[PDB]
Every structure is written in C-alpha cells, then in structure tokens.
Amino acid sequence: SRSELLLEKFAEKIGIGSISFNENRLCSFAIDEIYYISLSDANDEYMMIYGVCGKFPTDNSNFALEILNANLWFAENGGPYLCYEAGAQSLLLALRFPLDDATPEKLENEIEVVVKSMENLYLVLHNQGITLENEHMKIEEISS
C-alpha cells in the first residue's frame, strides 16, 4: 500500500532490491559495523594488537586534539593507546601483548579489550555526527 510503495521505493534507493512485506507484514534487514583488528609479530617478547579505526582526517587539527585528549581516559582506565600511523594515515588503537605466559584465551581477551575501546571510540564520534573515512554501514534484507 502506501507503505509497500515506500518499502520498495526505499529498496530502489538503498541499492539492494526486490523488497516486500511478507505474510506477517514484516520485512527484516541486517546491518553491521565491521571492526578491523591486526596482529603484528612485533618483536620476540611482545606482539602488537592494532584496532584500525579508519583513515584520519589530517586536515582537521581540532580532531587530532580531541583524540589526543581522549587518551587521558585511556590512560586512566585500561589502555589501548590512541595513535596515528603515518603510512596509511589511519587512526590506530594500540595495545602490546606480552608473549611470556601468553595464551589464546589471553590473546582473545586482549583483542576484546581493543574492540571494546573501538566500540567506545566510535559511539562517541557517532553521537557527535563524526564519521571517519573508511566507515561503511552495509545493509541487506533477510528472512523476516
């Protein structure tokens, strides 16, 4: 109806297509925030975990400062360091991982710490409208 016409006109404009309300008058969708993590075989005592947050706006100094300021918070609590990797010019959340007494479960938790930091970093940016460059919200329908 006036809805189906919107549901569909929504599809044609959203990229994916052939969308319609099912039997129960529902039309479900899945969306996701994909988080990038990288493990670096740094040296022989430590391993480095990087939470790649996306390209950094290197033309906005006001941003670099609210990031640098956010470190106070990461300095008080847990600890991934907020950094800038010149090469790919990205925003990085860094956390060294000690190999001594290492364990996949410890590695699992340390990686979880970094992603929870990204969660928090993002929420704050999202709640301020900010959106890094390599950020993409992928949508697609599923069985309602």
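Start at 1 with the first residue shown and count on from there.
A.B. asks: Which has higher Cα B-factors on average according to the PDB entry: 59 to 67 or 74 to 82?
C.D. replies: Looking at the recorded C-alpha B-factors, 59 to 67 comes out higher on average.
A.B. asks: Give the stretch, out of 28 to 36 and 111 to 119, with the larger mean C-alpha temperature factor in the deposited entry.
C.D. replies: Stretch with the higher mean C-alpha B-factor: 28 to 36.
A.B. asks: Which third, lowest, middle or highest, does the C-alpha temperature factor of residue 52 belong to within its own chain?
C.D. replies: For residue 52, whose C-alpha B-factor we compare with every modelled residue in the chain, the answer is the lowest third.
A.B. asks: Using the temperature factors of the C-alpha atoms in this entry, rank residue 95 within its chain: lowest, middle or highest third.
C.D. replies: For residue 95, whose C-alpha B-factor we compare with every modelled residue in the chain, the answer is the lowest third.
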